[PDB]
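Only one chain is given next, in C-alpha cells, and it is the form deposited in one PDB entry.
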C-alpha cells in the first residue's frame, strides 16, 4: 500500500498514520518511547519549506548543479522507515515529473530514487546538461543492496546528483574526465564501507521534455562486475559513454 493512497499528499488518513508509527516501534529498540515523545509534544520545531532554486540566465551549470544538490539535501535523507512517495520506474516520464513537483510541495525526507527523479525534474531546464541514471548492486553480509544516482555530463565532464547516508555515494562535481572515473569514485566509496560491487546498470540520457511519455531506460547497459574483466569493464563503460554521445 502506497503511503499516498489518499491521492494527493498530506495529510494522510489515520490508518496510514498509525501504520507508520507501528513500524517505528518495530525498528527502534525503545519503539513506542520515541513515538510517545513526538506524538505527545504540544509543540514541535517548525521545519521551513525548502525553496526550489532560482537562477540568473547567466549562472553557469556547475553553479546550478551545486544548488540543485543543496536543495535535495535540505529535504533530508529519510531515516523514518516509511517510504513517502511511490515511484514506479516503468512509468511515463511526464507522470514521474508530476510526482517530482509534488515532492517539492510536500517537502518530506527522501531516499536515492526520489533524489534521482527530483534531479531530472530540476535539470530539465538545462539543455547543455546530459542526465542518465546509474544503478549499483552490491553485497555486504548476506544481503544484496541497490543504490541509484543521477549521472550527469556537462562540457565533456561527468558528475552526479543523488542522496545517500554517505557523502561519497551521492553528489559528484562535473569534473571527471571519463565515465569510468566517475563510476570508479563510487567503487572506491563502496570499497571503504566493505560492500562488494556486483552490477552497474547505466541508462540512456533522459529526455529534457518534461512532457515526454517515453519511460526511462534504466538498464541500457548492464555490467556484471565479477564476470567482466577490469579492462573489459572499463571498455564497456566507454562503449556506453560513446553510445550516449551519439544519440546526443
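Definition used throughout: the rigid core is the maximal C-alpha set that superposes within 1.5 Å between two forms. Only residues modelled in both forms are compared. Positions refer to the first chain, counted from 1.
For the stretches 226-234 and 8-16, which has the higher mean C-alpha B-factor as given in the deposited record?
-> Averaged over C-alpha atoms, the B-factors run higher in 226-234.
Comparing 192-200 with 37-45, which stretch shows the greater average C-alpha B-factor in the deposited entry?
-> It is 37-45.
Considering only modelled residues of the same chain, in which third does the CA B-factor of residue 148 rank: lowest, middle or highest?
-> Tercile = lowest for this residue's CA B-factor.
Should residue 161 be placed in the lowest, middle or highest third of its chain by the C-alpha B factor in the entry?
-> Bottom third by C-alpha B-factor.
Based on the entry's values, in what third of the chain does the Cα temperature factor of residue 133 lie: lowest, middle or highest?
-> It falls in the bottom third of the chain.
Should residue 22 be placed in the lowest, middle or highest third of its chain by the C-alpha B factor in the entry?
-> As the PDB entry reports it, the C-alpha B-factor of residue 22 lands in the middle third of its chain.
So where's residue 109 on the chain's Cα temperature factor ranking, which third?
-> Lowest third.
The next section is about a form of this same protein that is not shown, the form deposited in another entry.
Compare the position of the CA of residue 10 between this form and the one not shown after a rigid core fit and state whether the shift reaches 2 Å.
-> Yes, residue 10 moves 2 Å or more.
With a shift of at least 3 angstroms, figure out whether the C-alpha spacing between residue 8 and residue 67 grows or shrinks in the other entry: closer or farther?
-> Pair moves farther apart in the other entry.
Is the CA-CA spacing of residue 121 and residue 8 tighter or wider in the other entry than here, given a 3 Å or more change?
-> Compared with the shown chain, residue 121-residue 8 is farther in the other entry.
After a core superposition, which runs of 3 or more consecutive residues shift by at least 2 Å in C-alpha position between this form and the one not shown?
-> After core superposition, the displaced runs are 2-13, 40-42.
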